[PDB]
Each structure stands twice: as C-alpha cells, then as structure tokens.
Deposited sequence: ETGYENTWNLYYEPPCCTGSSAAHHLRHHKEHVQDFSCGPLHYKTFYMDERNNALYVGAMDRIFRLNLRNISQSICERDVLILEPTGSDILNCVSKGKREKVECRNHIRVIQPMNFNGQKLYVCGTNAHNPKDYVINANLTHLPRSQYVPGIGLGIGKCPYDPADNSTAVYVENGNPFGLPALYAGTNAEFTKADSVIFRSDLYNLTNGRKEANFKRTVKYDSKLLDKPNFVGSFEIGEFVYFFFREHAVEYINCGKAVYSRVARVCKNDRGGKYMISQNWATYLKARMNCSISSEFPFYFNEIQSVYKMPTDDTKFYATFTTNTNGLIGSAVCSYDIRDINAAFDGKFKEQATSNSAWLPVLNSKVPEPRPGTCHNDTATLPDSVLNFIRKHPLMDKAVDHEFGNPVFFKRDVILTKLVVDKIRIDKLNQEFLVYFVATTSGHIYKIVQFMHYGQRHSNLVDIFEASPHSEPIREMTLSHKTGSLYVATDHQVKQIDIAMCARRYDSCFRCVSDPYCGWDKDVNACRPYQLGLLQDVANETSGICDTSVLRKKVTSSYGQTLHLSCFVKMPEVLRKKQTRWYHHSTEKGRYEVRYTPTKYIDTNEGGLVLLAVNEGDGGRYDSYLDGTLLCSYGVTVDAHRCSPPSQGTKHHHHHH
C-alpha cells in the first residue's frame, strides 16, 4: 500500500536498440563523439551514446559479411552455416591512420579478417591500402564461441610503430593458443619493419587452454587477463586458475632462432580468496574492468568451478601488487617429476628476466633461456584487503563495470559495482570504508535480460551516467541512478550512494548536501521521522491487510519483518502469528482475520530492527 517500486528493466531511464537476433558483441565507447560502437553478426553498429533508441538500423550500420568463397570453405561438408560461418565482429579499436579511424576484426566464417574503416562506418576508398591489413596471423578468433581479447597500441612499441596485442585460441580442433603482437608496419611508407611477436607454439607452460577476459596497456607493458588449466596443480588434481600476464611494449624478441618469440613474457596466478588458515579460493576469472581514468586498479569477477557447489566473488587488484609478483621470485619445476618450488634470487640471471630493454636480442642468452623455462611467477597476485569486495553463494557473476563517487563535504568516497549474472540480473554493490576496513552492501538487483538470454557485454559511460548491456537480441541502456523513479521510501533511498532523501518534499532525489543518506548503515533510524503513519479504517469483523511494500524489493526479501501493535489498555508488543487471526505475507505484510474492537490502534513494521512503516487502525461497532 505505502511503497511501490516499478519493475526494472525489461518492461525514461531505460533505452533499447534492436535490429534482430544479431548476436551483439564487442563494445567500443567514444564519449567525445557521443558514439557507442557495437559489433554483431556481419555488422558493426554506431549507436547514439546519449540515447541508443535514437539510432536507426538501416542508417547506423556497416555490413561486413563473408565472401561466398569463405562461406564455402567454412561449411566444407558439414558445419552450421546459420551463425558459425558468418562474420562475427570481435575487435573494435581506435586506430590512427591519417586521422582517427577504427580497427575492426571479425571471425569471417572461420577465417579471421580485419578492416580499417572511418568513424562514420564507411569503408576507406578502394584505392586506399592500409599496410598489414589482411596479412599475417589471424588477429581475432576463428570461432564465435572463443573467449579472446585485443588492444591496439600506438605508443611504446619498437621503433615507435603501432601494433595490435591479442590473445586468442584460433581453431579448437588444432591446439594453437597464443598471445601475439602483429607485424610492425610503418603505416605511412608501407614497409614491414619488424616481425610479429608470439608465445612459443605448443608450449603449455605459457598457455594451457586459456580463456581470455581482458587486456590493457599500462605504463611500458601490456597486461593480459585470462583463466587456464592450472599446470602447477596437476599433481594434486584438475583445476582452472586465473592469470595475469605481462609483456614489455618494446620487446623485439631474442636472437635469430627465437626472434619471433616474446623475450619478456611472464604470468602470475591471481589470488581471490576469503582469508583464513585455509583460504577459500574463487579460481575462475570471468571478466575484468578498469576505470578509464585510473590505470592503477583492476576489478574482476571470479567463480568457483561450475560443477559442484557454486560461489562467485568480486576482487580488486592494485598495479603495485601485480608488479610485485613480477618483481618477486620465479616458480620452477626442475624435472617433470619435481615439485613446484621458488627460485633463489641468486639463481636469476642479469638483467632480470621480464624487465624491459630497447634491444632484447642483446640480452645474454642465459636471460632468454631462463625466461623461456620460468614463465610463471611464484607469487600469487595479492587482492586488496585479502578478501573479496563481495561474494555470493549459488550465483555466477560475469560482466562488471565500476563507478566512483566522492562526497568531499562529508568525506565519503564510494565505489559502485554493477555485476551481471548468468540469470540476466545486475547486482548494484556499493563499497565503503569504515574504521580502516573495507565493507560492501548489495544496494539493488534489477533485471537486464531474460533468464534464457545471457549478458554478452557490459560497459559504462560516466558522461551519460548510463550502463550498456549487450545480449543476443538487443542492446540496453540503463541509467545507473534512478533515485526519483525507483525509491519511493526513505528506507530504500538512503542506502543508494547516488541518492538522498528529501524530507521536505518526501521523495528520493539525486544526492546533494542536506539530503538524508546512510550507505554504510551507521545511523540507523535516520528514516524514522520520514515514515508517515497511514491512517486506515475498518468495520468490525472484516479482514484487513497491512503492508509496507506492494512487493518487497529483491535485496530485502530475505530479511526479518516484525510487526508490533500498540492499542488502548495494551502495552506495545510483538505480533505473534496465530492460525486464524494474524497472517504474514511474503512481502512483509500483516493480515487481520476477524477484526474485533481491540484490534485497532498503532501498528509498526520493522525490517531487521529498523522501522519500515506505520499504520493507524480504527475499528467501529459495525
């Protein structure tokens, strides 16, 4: 009766875009030009970032479908031509080539093909040839189901030349998982200046059935995030571990026989666990996110193995801890029958393997010999505070974006995580500090996609204050703050860091100084004077139904509702549920069966000890 929250967000603060079941995947956001590029099957879209509903299917698209030759070879004798032999876009990157243009790569019917196109989704002139395009190693997956990553890097490579860094698995029939860098071309004079870079082929010490979840350029390096079969666990069982790997941007490879291989490739296990004498590990990373303005923090989701009892967690990682693992001890298995042990630093050659050098071919061979035999660091990368930001049983958390909020006049700084689930929901998790410790609270759960439709991509725009979600059927823009629309109660309003309750107008608003807010729940009872007792009348003998929410908000549905009654000649007491007098509803409601005289009076409803709503009941003689 009192509180009603409109469902969200699959019913304005929500904008949809769809041209059919085109398997939308791969985001590239250009805030300065109000553009959200979205890849799809045989297509790339340029959506209006401010309001993706204002984009038109026929206008804001560029068709990139395979040739009849590539479709023929892909079908062969037997293969699905319906989606598997289409051109699934997997890479969309900003690329400098006589101005700001887009580098695009697609699966192209199991024949990865890359392109360079204008920002307005037009081809370059037919006479315009871009050096390196269509040549070399496949730059994106052969398979639409492959989990790959890529990042186009303008600065820091050998000779100041641009290059694409990428991790991919190519065909699943063959076993060629690789982290590679494209050939270094001078795009002006067309000369190939340096050969490509790649992990040693078929070396399971470098990659063992990886699934890539992200890649970033930071400082003088490029970092890759993936999960893989844990080689160092084989003597104890089968496990999938999470990895961050690192290469120097200026890596040129070693001497003649190994010049095509990385000379600086290292990787480390990522630690996401609940701390104790027996740490509980979430071993399988699902996605990683970096704030565009912060190159020092990485936020990632991890799950247990999805067989058996399931749990998910969110952990955060500081670049100094990542690099600490790469500056620390190496791991080593001396023989195939040996334990995995740390290497004495006195055994490490000089210069230290993994450090950057302008001329890696000049490094002593002992350095290259060592790094090719010790790609794995001994240290597992420390997660901040040694515990998950957030963890949850029986949920698979996948994509995530992270926002930042500062209230400098009250000295409160919050992170807000938006984390997708395999069921199509978004978790709204706020992080805050209290007495030197980090805490989190699940602020909200809303629906972004039906259960049968997985969330394939998620990104975030600080400029538009919107979250973008891609599924197989549409793209969905969701405002990260819906204070006025979503929260009609002080109770819900003050828990959201974007919001604040205005007791004057009795409504939830975007936060500003002077509004009620308690993200950390450190002033419980702040909403007491904002609970407006609703007076109601009822005749003698008829059934009355008291309820705060029409439907209890999802994040609150598993908390305790306790009702109290205060009438004349009766002290205030808790309402015990009897079969034919007091009934509870799964929404925290109170039903009065056979109302008599003494049933009238004050009724208070508390949720985990905090006052939720109040009623004034009057009963006549009928």
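- According to the record, the deposited residues with no C-alpha atom in the structure span 1 to 8, 20 to 30, 642 to 657.
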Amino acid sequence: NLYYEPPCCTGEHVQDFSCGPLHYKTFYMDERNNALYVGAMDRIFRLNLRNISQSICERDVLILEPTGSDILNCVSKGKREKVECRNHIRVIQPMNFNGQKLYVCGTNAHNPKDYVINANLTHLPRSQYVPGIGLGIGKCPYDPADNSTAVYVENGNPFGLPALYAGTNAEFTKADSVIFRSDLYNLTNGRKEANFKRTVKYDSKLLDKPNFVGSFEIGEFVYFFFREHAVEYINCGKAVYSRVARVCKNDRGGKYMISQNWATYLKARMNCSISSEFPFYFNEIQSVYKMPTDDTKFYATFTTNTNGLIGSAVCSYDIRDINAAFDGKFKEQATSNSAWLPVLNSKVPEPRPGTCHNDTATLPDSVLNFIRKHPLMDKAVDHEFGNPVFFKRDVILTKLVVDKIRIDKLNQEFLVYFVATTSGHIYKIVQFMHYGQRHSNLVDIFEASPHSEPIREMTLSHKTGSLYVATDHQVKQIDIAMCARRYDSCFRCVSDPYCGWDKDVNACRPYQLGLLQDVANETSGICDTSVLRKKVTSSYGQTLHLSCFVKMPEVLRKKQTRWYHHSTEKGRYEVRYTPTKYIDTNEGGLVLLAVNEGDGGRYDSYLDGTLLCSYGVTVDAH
From here on, numbers count along this sequence of modelled residues.
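- For the pair 429 to 437 and 498 to 506, the mean B factor over Cα atoms is greater in 498 to 506.
- Averaged over CA atoms, B-factors in the entry run higher in 173 to 181 than in the other of 190 to 198 and 173 to 181.
- Comparing C-alpha B-factors across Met29, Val555, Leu62, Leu592 in the deposited entry, the largest value falls on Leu592.
- The maximum CA B-factor among the listed residues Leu266, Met257, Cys548, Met291, taken from the PDB record, is found at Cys548.
- Placement of the Cα temperature factor of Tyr540 within the chain: highest third of the modelled residues, per the deposited record.
- Per the deposited record, the Cα B-factor of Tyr129 falls in the highest third when ranked against the other modelled residues of its chain.
- Ranked by C-alpha B-factor against the other modelled residues of its chain, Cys105 falls in the middle third.
- Among the modelled residues of the chain, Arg227 sits in the lowest third by CA temperature factor in this PDB entry.
- In the PDB entry, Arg406 places in the highest third of its chain by CA B-factor.
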